[PDB]
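Next up is one chain by itself, shown in structure tokens, the form deposited in one PDB entry.
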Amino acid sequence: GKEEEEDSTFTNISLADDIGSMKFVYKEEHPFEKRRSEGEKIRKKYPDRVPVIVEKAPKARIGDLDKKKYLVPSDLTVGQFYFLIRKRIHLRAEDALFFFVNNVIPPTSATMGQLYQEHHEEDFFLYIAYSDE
């Protein structure tokens, strides 16, 4: 409907809105060999858990995470991870949250272990960006 449209305020659009533009700070500030060594060791020690780096997407105006480096059970679902991150950023239930891994939204029925197997990087970490709508 017309009421659903916006033609009065300017909407700013830029490459900040392209999730493919995301750059994880963790990969800038920590050298590859240190990341790889730590991820390799943690996966050997806890084969039923996956190491995950979570950072906020460029455009997003929602809350920040106090911690970015997580160890997650492989059997945790994407929906459960959404819920747990939502609580950590204090995002009210009424507002949408999105995850992106390698520029795609995860499949609904994926577990964190399935996401890890398909998308982990050569440093043994899985990188997840989170954003608002």
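Numbers for residues come from their place in the sequence shown, where the first is 1.
There is also a form deposited with a partner chain bound; it is not shown, and the following applies to it.
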{"item": "Close approach of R49 to its partner chain in the bound PDB entry, 4.5 Å, heavy atom", "value": "yes"}
{"item": "Exercise: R88 in contact with its partner chain in the bound PDB entry, heavy atom 4.5 Å", "value": "yes"}
{"item": "Any non-hydrogen atom of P73 within 4.5 angstroms of its partner chain in the bound PDB entry", "value": "yes"}
{"item": "Proximity of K27 to its partner chain in the bound PDB entry, heavy atoms at 4.5 Å", "value": "no"}
